[PDB]
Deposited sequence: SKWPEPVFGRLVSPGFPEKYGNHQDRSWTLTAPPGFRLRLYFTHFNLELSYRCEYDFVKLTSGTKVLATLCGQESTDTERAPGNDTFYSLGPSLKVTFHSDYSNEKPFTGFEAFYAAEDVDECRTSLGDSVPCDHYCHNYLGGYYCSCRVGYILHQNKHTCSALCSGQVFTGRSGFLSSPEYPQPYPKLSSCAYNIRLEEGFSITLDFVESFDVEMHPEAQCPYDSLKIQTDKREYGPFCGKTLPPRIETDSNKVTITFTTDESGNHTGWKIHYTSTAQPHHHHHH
């Protein structure tokens, strides 16, 4: 179902009278807008086009009020201009109040560049759009957000660094990380947040757990106190929400006999 048509003044191309007023309500499908232009336009000129006019509207917005033969200082004439609707709807109105030929206009549905919406990549197509993510993330079910793939990694070295996905840059939204540090049965590991610590707060909640002992929920803008664990195996959980601008955290683990 293609959308396009033609509109003309009463009695076109003959002279129009002043006992017939007109309106046309044009509708394109969702995702489209309508473009209209005039091939012939000849209406009497009057201050602010109050006597004779062609008015273009979208919803309550008044896109334009036309009249005359040649645009002036306070009255506008279509010329060869193209008018676009705001939304998939356009209303054209023709009025005349008590020698002019009137007008001929054409309209056609046209695609809307809907990426004028997405977390990472916005892909536009005819009638709609969709989103995609960068390498390392996977589109969420909200179809717009990019969840990070931050789980399944483990640390075996005596000491190492951990952090939020894009540290020191805003971390993924609607993500849920899970970091792991596994060491020999003897050793004992101590964690201490380093550099910066920035997490959305009022707990975006960072939780550190290990065989009987819960830490957190951590949030806020300052390095939380250092933590001396018991185990040689610790797991960290960082769940996020949509808030973007938050640098995140970075932990430097270490262990001793």
Checklist entry - Which bits of the deposited sequence have no atoms placed for their C-alpha? => result 1-4, 103-106, 125-131, 218-221, 223-224, 279-286
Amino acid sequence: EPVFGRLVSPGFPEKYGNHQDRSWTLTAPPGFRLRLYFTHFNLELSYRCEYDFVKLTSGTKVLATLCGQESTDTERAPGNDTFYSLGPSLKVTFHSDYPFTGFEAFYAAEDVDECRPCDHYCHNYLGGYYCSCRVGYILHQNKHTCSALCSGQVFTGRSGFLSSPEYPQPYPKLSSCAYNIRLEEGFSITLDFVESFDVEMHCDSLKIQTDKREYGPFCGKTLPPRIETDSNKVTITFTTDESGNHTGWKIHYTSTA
From here on, numbers count along this sequence of modelled residues.
Item to check | Mean temperature factor over C-alpha atoms, higher-scoring stretch between 9-17 and 236-244 | outcome: 236-244
Checklist outcome for this item: Going by the entry, of stretches 146-154 and 99-107 the one with greater average Cα B-factor is 146-154
Item to check | Per the PDB entry, maximal CA B factor within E114, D119, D81, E185 | outcome: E185
Checklist entry - Highest CA temperature factor in the entry: which of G136, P88, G127, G160? => result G160
Checklist outcome for this item: Chain thirds by Cα B factor, record data; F94 belongs to the lowest
Checklist outcome for this item: The third of the chain into which the C-alpha temperature factor of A178 falls is the highest
Checklist outcome for this item: Among the modelled residues of its chain, the C-alpha B-factor of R226 falls in the third labelled middle
Next on the checklist: Split into thirds by Cα B-factor across the chain's modelled residues, where does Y215 land: lowest, middle or highest?
Outcome noted: highest
Checklist entry - Can you tell me which third, lowest, middle or highest, the CA B-factor of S46 falls into for its chain? => result middle
